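J.: Following this line is model-v2.pdb, made up of PDB, C-alpha atoms:
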```pdb
ATOM      1  CA  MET Z   1     -10.745   8.180 -31.722  1.00  0.00           C
ATOM      2  CA  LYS Z   2      -8.067  10.707 -32.588  1.00  0.00           C
ATOM      3  CA  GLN Z   3      -8.946  13.118 -29.749  1.00  0.00           C
ATOM      4  CA  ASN Z   4      -6.441  12.961 -26.893  1.00  0.00           C
ATOM      5  CA  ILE Z   5      -4.507  15.487 -24.796  1.00  0.00           C
ATOM      6  CA  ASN Z   6      -0.798  15.174 -24.008  1.00  0.00           C
ATOM      7  CA  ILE Z   7      -0.523  16.967 -20.636  1.00  0.00           C
ATOM      8  CA  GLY Z   8       1.361  20.175 -20.393  1.00  0.00           C
ATOM      9  CA  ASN Z   9       4.967  21.266 -20.307  1.00  0.00           C
ATOM     10  CA  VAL Z  10       7.003  18.290 -21.378  1.00  0.00           C
ATOM     11  CA  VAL Z  11      10.629  18.854 -20.561  1.00  0.00           C
ATOM     12  CA  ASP Z  12      12.663  20.586 -17.894  1.00  0.00           C
ATOM     13  CA  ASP Z  13      12.819  23.135 -15.090  1.00  0.00           C
ATOM     14  CA  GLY Z  14      10.834  26.102 -16.396  1.00  0.00           C
ATOM     15  CA  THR Z  15       7.993  27.925 -14.764  1.00  0.00           C
ATOM     16  CA  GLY Z  16       5.687  26.287 -17.314  1.00  0.00           C
ATOM     17  CA  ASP Z  17       3.761  23.093 -16.524  1.00  0.00           C
ATOM     18  CA  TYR Z  18       0.169  22.218 -15.697  1.00  0.00           C
ATOM     19  CA  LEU Z  19      -1.052  23.306 -12.311  1.00  0.00           C
ATOM     20  CA  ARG Z  20      -1.438  19.685 -11.231  1.00  0.00           C
ATOM     21  CA  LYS Z  21      -4.522  20.366 -13.326  1.00  0.00           C
ATOM     22  CA  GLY Z  22      -3.337  17.953 -15.926  1.00  0.00           C
ATOM     23  CA  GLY Z  23      -4.598  14.779 -14.398  1.00  0.00           C
ATOM     24  CA  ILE Z  24      -8.038  16.095 -15.229  1.00  0.00           C
ATOM     25  CA  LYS Z  25      -6.790  15.798 -18.787  1.00  0.00           C
ATOM     26  CA  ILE Z  26      -5.149  12.437 -18.185  1.00  0.00           C
ATOM     27  CA  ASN Z  27      -8.404  11.614 -16.468  1.00  0.00           C
ATOM     28  CA  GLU Z  28     -10.267  12.132 -19.729  1.00  0.00           C
ATOM     29  CA  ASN Z  29      -8.050  10.030 -21.993  1.00  0.00           C
ATOM     30  CA  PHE Z  30      -8.688   6.812 -20.085  1.00  0.00           C
ATOM     31  CA  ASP Z  31     -12.366   7.755 -20.118  1.00  0.00           C
ATOM     32  CA  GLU Z  32     -12.593   8.278 -23.858  1.00  0.00           C
ATOM     33  CA  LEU Z  33     -10.451   5.354 -24.846  1.00  0.00           C
ATOM     34  CA  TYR Z  34     -12.361   3.238 -22.342  1.00  0.00           C
ATOM     35  CA  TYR Z  35     -15.538   4.362 -24.073  1.00  0.00           C
ATOM     36  CA  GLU Z  36     -13.684   3.004 -27.121  1.00  0.00           C
ATOM     37  CA  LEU Z  37     -14.923  -0.475 -26.345  1.00  0.00           C
ATOM     38  CA  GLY Z  38     -17.525   0.374 -23.747  1.00  0.00           C
ATOM     39  CA  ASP Z  39     -18.085  -3.211 -22.798  1.00  0.00           C
ATOM     40  CA  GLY Z  40     -16.225  -4.581 -25.761  1.00  0.00           C
ATOM     41  CA  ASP Z  41     -13.361  -7.036 -25.604  1.00  0.00           C
ATOM     42  CA  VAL Z  42     -12.548  -8.725 -28.888  1.00  0.00           C
ATOM     43  CA  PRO Z  43     -11.055 -12.217 -28.811  1.00  0.00           C
ATOM     44  CA  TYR Z  44      -9.618 -11.891 -32.260  1.00  0.00           C
ATOM     45  CA  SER Z  45      -6.317 -10.369 -31.171  1.00  0.00           C
ATOM     46  CA  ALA Z  46      -6.072 -12.993 -28.416  1.00  0.00           C
ATOM     47  CA  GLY Z  47      -8.909 -15.065 -29.863  1.00  0.00           C
ATOM     48  CA  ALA Z  48      -7.402 -18.506 -29.367  1.00  0.00           C
ATOM     49  CA  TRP Z  49      -5.580 -17.522 -26.152  1.00  0.00           C
ATOM     50  CA  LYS Z  50      -7.884 -18.652 -23.414  1.00  0.00           C
ATOM     51  CA  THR Z  51      -9.807 -21.849 -23.371  1.00  0.00           C
ATOM     52  CA  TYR Z  52      -6.895 -24.301 -23.423  1.00  0.00           C
ATOM     53  CA  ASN Z  53      -7.831 -25.087 -19.808  1.00  0.00           C
ATOM     54  CA  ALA Z  54      -9.933 -28.125 -18.924  1.00  0.00           C
ATOM     55  CA  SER Z  55     -13.717 -28.113 -19.482  1.00  0.00           C
ATOM     56  CA  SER Z  56     -13.541 -24.347 -19.414  1.00  0.00           C
ATOM     57  CA  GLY Z  57     -16.697 -22.527 -18.595  1.00  0.00           C
ATOM     58  CA  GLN Z  58     -14.705 -19.753 -20.242  1.00  0.00           C
ATOM     59  CA  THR Z  59     -16.958 -16.787 -19.608  1.00  0.00           C
ATOM     60  CA  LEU Z  60     -16.273 -14.196 -22.292  1.00  0.00           C
ATOM     61  CA  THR Z  61     -19.561 -12.674 -21.395  1.00  0.00           C
ATOM     62  CA  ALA Z  62     -21.182  -9.226 -21.232  1.00  0.00           C
ATOM     63  CA  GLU Z  63     -18.417  -8.472 -23.448  1.00  0.00           C
ATOM     64  CA  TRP Z  64     -15.212 -10.309 -24.229  1.00  0.00           C
ATOM     65  CA  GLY Z  65     -13.806 -12.786 -26.661  1.00  0.00           C
ATOM     66  CA  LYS Z  66     -12.060 -15.820 -25.381  1.00  0.00           C
ATOM     67  CA  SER Z  67     -11.305 -19.100 -26.654  1.00  0.00           C
ATOM     68  CA  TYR Z  68      -9.710 -21.871 -28.540  1.00  0.00           C
ATOM     69  CA  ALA Z  69      -9.794 -25.095 -26.709  1.00  0.00           C
ATOM     70  CA  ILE Z  70      -6.645 -25.306 -28.779  1.00  0.00           C
ATOM     71  CA  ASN Z  71      -5.234 -28.698 -27.947  1.00  0.00           C
ATOM     72  CA  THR Z  72      -8.841 -29.710 -27.282  1.00  0.00           C
ATOM     73  CA  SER Z  73      -9.399 -32.642 -24.914  1.00  0.00           C
ATOM     74  CA  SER Z  74     -11.382 -29.723 -23.612  1.00  0.00           C
ATOM     75  CA  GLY Z  75     -15.016 -30.808 -23.829  1.00  0.00           C
ATOM     76  CA  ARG Z  76     -15.033 -27.053 -23.751  1.00  0.00           C
TER      77      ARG Z  76
ATOM     78  CA  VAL Q   1       8.341 -27.322  75.544  1.00  0.00           C
ATOM     79  CA  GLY Q   2       5.309 -29.450  74.667  1.00  0.00           C
ATOM     80  CA  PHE Q   3       4.893 -29.000  70.907  1.00  0.00           C
ATOM     81  CA  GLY Q   4       6.314 -30.770  67.906  1.00  0.00           C
ATOM     82  CA  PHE Q   5       8.245 -28.063  66.041  1.00  0.00           C
ATOM     83  CA  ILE Q   6       9.039 -29.166  62.467  1.00  0.00           C
ATOM     84  CA  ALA Q   7      10.876 -26.947  59.973  1.00  0.00           C
ATOM     85  CA  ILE Q   8       9.891 -26.373  56.338  1.00  0.00           C
ATOM     86  CA  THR Q   9      11.053 -23.958  53.661  1.00  0.00           C
ATOM     87  CA  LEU Q  10       9.514 -21.328  51.419  1.00  0.00           C
ATOM     88  CA  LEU Q  11      11.228 -19.202  48.787  1.00  0.00           C
ATOM     89  CA  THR Q  12      10.355 -15.746  47.451  1.00  0.00           C
ATOM     90  CA  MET Q  13      11.962 -14.646  44.201  1.00  0.00           C
ATOM     91  CA  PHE Q  14      10.987 -10.952  43.986  1.00  0.00           C
ATOM     92  CA  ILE Q  15      11.848 -10.616  40.297  1.00  0.00           C
ATOM     93  CA  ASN Q  16      12.287  -6.888  39.743  1.00  0.00           C
ATOM     94  CA  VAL Q  17      11.349  -6.675  36.048  1.00  0.00           C
ATOM     95  CA  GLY Q  18       9.741  -3.430  34.928  1.00  0.00           C
ATOM     96  CA  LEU Q  19      12.855  -1.302  35.052  1.00  0.00           C
ATOM     97  CA  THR Q  20      13.497   0.649  31.847  1.00  0.00           C
ATOM     98  CA  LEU Q  21      10.298   1.120  29.814  1.00  0.00           C
ATOM     99  CA  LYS Q  22      11.583   4.651  29.305  1.00  0.00           C
ATOM    100  CA  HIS Q  23       9.827   5.187  25.912  1.00  0.00           C
ATOM    101  CA  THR Q  24      13.204   6.523  24.649  1.00  0.00           C
ATOM    102  CA  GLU Q  25      12.699   9.296  22.075  1.00  0.00           C
ATOM    103  CA  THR Q  26       9.562   9.833  20.003  1.00  0.00           C
ATOM    104  CA  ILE Q  27      10.201  11.295  16.566  1.00  0.00           C
ATOM    105  CA  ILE Q  28       7.953  12.772  13.867  1.00  0.00           C
ATOM    106  CA  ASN Q  29       8.774  14.582  10.626  1.00  0.00           C
ATOM    107  CA  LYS Q  30       6.408  16.558   8.405  1.00  0.00           C
ATOM    108  CA  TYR Q  31       5.621  15.975   4.723  1.00  0.00           C
ATOM    109  CA  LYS Q  32       4.827  18.369   1.859  1.00  0.00           C
ATOM    110  CA  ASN Q  33       2.977  15.677   0.005  1.00  0.00           C
ATOM    111  CA  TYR Q  34       1.426  15.292  -3.438  1.00  0.00           C
ATOM    112  CA  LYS Q  35      -2.230  14.856  -4.327  1.00  0.00           C
ATOM    113  CA  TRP Q  36      -3.888  15.252  -7.707  1.00  0.00           C
ATOM    114  CA  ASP Q  37      -5.393  18.531  -6.495  1.00  0.00           C
ATOM    115  CA  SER Q  38      -2.022  20.313  -6.331  1.00  0.00           C
ATOM    116  CA  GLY Q  39      -2.333  23.678  -8.125  1.00  0.00           C
ATOM    117  CA  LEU Q  40      -0.085  26.673  -8.550  1.00  0.00           C
ATOM    118  CA  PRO Q  41       3.342  26.511  -6.901  1.00  0.00           C
ATOM    119  CA  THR Q  42       5.165  29.602  -5.717  1.00  0.00           C
ATOM    120  CA  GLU Q  43       8.417  29.577  -7.728  1.00  0.00           C
ATOM    121  CA  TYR Q  44      10.541  26.432  -7.188  1.00  0.00           C
ATOM    122  CA  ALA Q  45      13.686  25.249  -5.438  1.00  0.00           C
ATOM    123  CA  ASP Q  46      16.209  22.437  -5.991  1.00  0.00           C
ATOM    124  CA  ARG Q  47      14.263  19.988  -8.287  1.00  0.00           C
ATOM    125  CA  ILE Q  48      17.315  18.377 -10.024  1.00  0.00           C
ATOM    126  CA  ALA Q  49      21.067  18.316 -10.609  1.00  0.00           C
TER     127      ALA Q  49
END
```
Spit out the file's structure as structure tokens when you get a sec.

T.:
Amino acid sequence: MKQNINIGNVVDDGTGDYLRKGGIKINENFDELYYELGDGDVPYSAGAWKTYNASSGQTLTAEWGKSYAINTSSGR
Amino acid sequence: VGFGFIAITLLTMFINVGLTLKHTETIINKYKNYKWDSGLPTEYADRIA
């Protein structure tokens, strides 16, 4: 999303730094990049990861990707 | 002179426990602590070596 803030003086002693105020910033990042996938969770990166377990209900729901049933036997 | 007079025993321990319980010393030490509110410091001290 290419809009993110890096929080204030970065280095050493100084009188410069952010007022504890930063977290407000660091608060926003996690917001924004959570609003990245608002509900979304792709399987594709992990897509085959999950289902290997037996008879998996394997809820990916409301958002997520899940499954293989890789070795099968799964009746998945 | 007309009564039976038999002897029997009883024992009384009188355990004295309850000495001490002196609470010793109570000790408390204050903290400067850190919350995300924070805000402007006044100068600084120490902070590294």

J.: So that each row is one residue of chain Z with an atom at most 10 Å from chain Q, can you give its shortest atom pair and the distance in Å to one decimal, using only C-alpha atoms, rows by chain and rising number, as a Markdown table?

T.:
```
| residue | atom | partner | partner_atom | distance |
| --- | --- | --- | --- | --- |
| Z:12 | CA | Q:48 | CA | 9.4 |
| Z:13 | CA | Q:47 | CA | 7.6 |
| Z:14 | CA | Q:44 | CA | 9.2 |
| Z:15 | CA | Q:43 | CA | 7.2 |
| Z:17 | CA | Q:40 | CA | 9.5 |
| Z:18 | CA | Q:39 | CA | 8.1 |
| Z:19 | CA | Q:39 | CA | 4.4 |
| Z:20 | CA | Q:38 | CA | 5.0 |
| Z:21 | CA | Q:39 | CA | 6.5 |
| Z:22 | CA | Q:36 | CA | 8.7 |
| Z:23 | CA | Q:36 | CA | 6.7 |
| Z:24 | CA | Q:36 | CA | 8.6 |
```

J.: Selected by the PyMOL selection byres ((chain Z and resi 40) around 10) in the shown coordinates: which residues, as an MDAnalysis selection string?

T.: chainID Z and resid 34:39 41:43 61:65

J.: Between atom CA of residue 44 of chain Z and atom CA of residue 76 of chain Z, what is the distance, to one decimal in Å?

T.: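 According to the coordinates, atom CA of residue 44 of chain Z and atom CA of residue 76 of chain Z are separated by 18.2 Å.
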
J.: Enter the distance from atom CA of residue 32 of chain Q to atom CA of residue 10 of chain Z, in Å, rounded to one decimal.

T.: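 Computing the Euclidean distance for atom CA of residue 32 of chain Q and atom CA of residue 10 of chain Z yields 23.3 Å.
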
J.: Quote the spacing between atom CA of residue 27 of chain Z and atom CA of residue 1 of chain Z in Å to one decimal place.

T.: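 Distance reported for this atom pair: 15.8 Å.
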
J.: Taking the file as shown, find all residues satisfying the PyMOL selection byres ((chain Z and resi 53) around 10) and write them as a PyMOL selection string.

T.: chain Z and resi 50-52+54-58+67-74+76

J.: Using all atoms listed in the file for the distances, tell me which of Z:8, Z:66, Z:33, Z:60 is nearest to residue 47 of chain Z.

T.: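 Selected residue with least distance to residue 47 of chain Z: Z:66.
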